[PDB]
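Next up: a single chain in structure tokens, the form deposited in one PDB entry.
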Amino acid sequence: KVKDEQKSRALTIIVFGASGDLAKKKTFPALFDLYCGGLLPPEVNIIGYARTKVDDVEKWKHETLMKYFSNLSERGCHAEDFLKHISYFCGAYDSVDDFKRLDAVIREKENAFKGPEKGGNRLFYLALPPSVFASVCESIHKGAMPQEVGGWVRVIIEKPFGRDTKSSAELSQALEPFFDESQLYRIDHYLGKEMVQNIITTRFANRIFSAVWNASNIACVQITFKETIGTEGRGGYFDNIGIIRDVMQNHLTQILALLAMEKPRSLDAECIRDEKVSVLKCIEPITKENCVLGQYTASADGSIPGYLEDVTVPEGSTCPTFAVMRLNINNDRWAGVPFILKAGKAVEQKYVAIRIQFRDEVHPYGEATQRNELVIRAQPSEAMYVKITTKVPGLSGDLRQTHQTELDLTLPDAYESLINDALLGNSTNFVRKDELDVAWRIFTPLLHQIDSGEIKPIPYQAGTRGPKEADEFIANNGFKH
């Protein structure tokens, strides 16, 4: 129903900052993949908008944009024909007159649309530093809103969404005069549709999983983000960010919210967003006593230079490349259950997954059983499985002769499916304004304690698991191997 309406009205996608790194390496290639997948509607118009002068727009499309398209050998005809949908407007983000001129250009394309509904839908993409967001949103609101006869406007917001409670709220307050929460889409490129549907459907559609998704049945929950790569020579940019702002306050926290939320009143996006916010509001701010920090030194092989070795890293930096922490959710469903977030650079393997350990049934099987588990993995590939105890056929055939059995419960990438979600009006995986403020309030006191030097990272060789105090902390906070 939603896709039929998508084809019934003109569509324009406006990429601000189209001259930039993100736009050419990620955003336009993602639109190309959606186009090749048949997920953009037939006469979509795509307008790059930036200050950089481009004297030859065809040359820019072919020599700059096209070289970042994947599988170009097999897709040359698609690439050439995708490029015909793309134009370039060289203009200022802060000019009323330029946005009237842009609006004229868009309306001409909209009024030529050969389908049945009038006006047009407009998706604006801010591939810009956040310091430019307020200015460009003001310009859109003044001069490039959809035609009165019809059409929605949506604006995709890039990160960072501030860097603490105060800075993030200032940015939200700067944009809310122009766009409400049905219009702003704050994107996390890494939250895939596959994982979210695994989290939501496997629990809420099923009595068996619904009934055990609580503190009476779950011993501990861990959400883990592991990478073998280090900061890859860009340690200077990472140094002002750190592992926690990088992936934990935003990416792992949204996964936690979807995992822990109460049942939504319906499967509508904003009902799910309401439940994300409601469960995050039950989390007290993380304490320094519940956080172990790491910072990676060079690998034993020598092939991974340590973090401090980077020329761009300020001498004696204490910025964390690794963190494990415990969050307490204080409500009926979760009180007493440890929620462990772990994220690390330059560790022993690449791996992103949820691991839920259920409480052991000590009686009557004793050592012939162990905790059941549920695992939802996204990297290095999708998997979802349950581990349980089953009988062993044959003999001596004692009831105590048991085995651990794995039950397996189980295309655009995550970024492409989120752009598609935005085009289809599905805000589920995007962070809402209230949701964002609650998440910053969970993490900012800890971040202030880190910036004050109250906590300092433990070194770990690149390629190891991380500091061994981290595994100690995990073992002391509910997890059993």
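The term rigid core refers to the maximal set of C-alpha atoms that superpose within 1.5 Å between the two forms. One rule holds for the numbers: they count along the sequence shown, beginning at 1.
Please classify the coordinate gap between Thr410 and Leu411 in terms of deposited residues: none, 1 to 3, 4 to 9, or 10 or more. Count of unmodelled residues in between: 4 to 9.
| Going by the B-factors listed in the PDB entry, is the mean over the C-alpha atoms higher for 275-283 or for 320-328? | Stretch with the greater average CA B-factor: 320-328.
Quiz item: For the C-alpha atoms alone, is the average B factor greater in 432-440 or in 446-454, going by the entry?
Solution: Mean B over CA atoms: larger for 446-454.
By the entry's C-alpha temperature factors, tell me which of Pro129, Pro146, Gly115, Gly162 sits highest.
-> Result of the comparison over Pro129, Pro146, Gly115, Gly162: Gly115.
Worksheet item: Whose CA atom has the top B-factor in the entry, of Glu270, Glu232, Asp81, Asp98?
Response: Reading the PDB entry, the winner on C-alpha B-factor is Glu232.
If you rank every modelled residue in this chain by C-alpha B factor, which third holds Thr52: lowest, middle or highest? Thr52: CA B-factor falls in the lowest third of its chain.
Query - Third of chain Cα B-factors occupied by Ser19 - result: It falls in the middle third of the chain.
task: Determine, from the deposited record, the chain-internal third of the Cα B-factor for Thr202: lowest, middle or highest.
output: According to the entry, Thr202 has a C-alpha B-factor in the chain's lowest third.
Check where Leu11 lands among this chain's C-alpha B-factors and tell me if it's the lowest, middle or highest third. For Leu11, whose C-alpha B-factor we compare with every modelled residue in the chain, the answer is the lowest third.
How does the C-alpha B factor of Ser266 compare with the rest of the chain: lowest, middle or highest third? Lowest third, going by the recorded CA B-factors of the chain.
There is another form of the same protein, the form deposited in another entry; it is not shown, and what comes next is about it.
Given a cut-off of 2 Å on Cα movement between this form and the one not shown, rigid core as reference, pick the single residue from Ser73, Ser381, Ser266, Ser131 that exceeds or meets it.
That would be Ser73.
Q) Core aligned, does the CA of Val362 move at least 2 Å between this form and the one not shown? A) It does not, since the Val362 C-alpha is displaced less than 2 Å between this form and the one not shown after the core fit.
query: Is there a C-alpha shift of 2 Å or more at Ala205 between this form and the one not shown once the rigid core is superposed?
result: No, shifts by less than 2 Å.
Honestly, after the rigid core fit, is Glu176 moving at least 2 Å at Cα between this form and the one not shown?
No, its C-alpha moves less than 2 Å.
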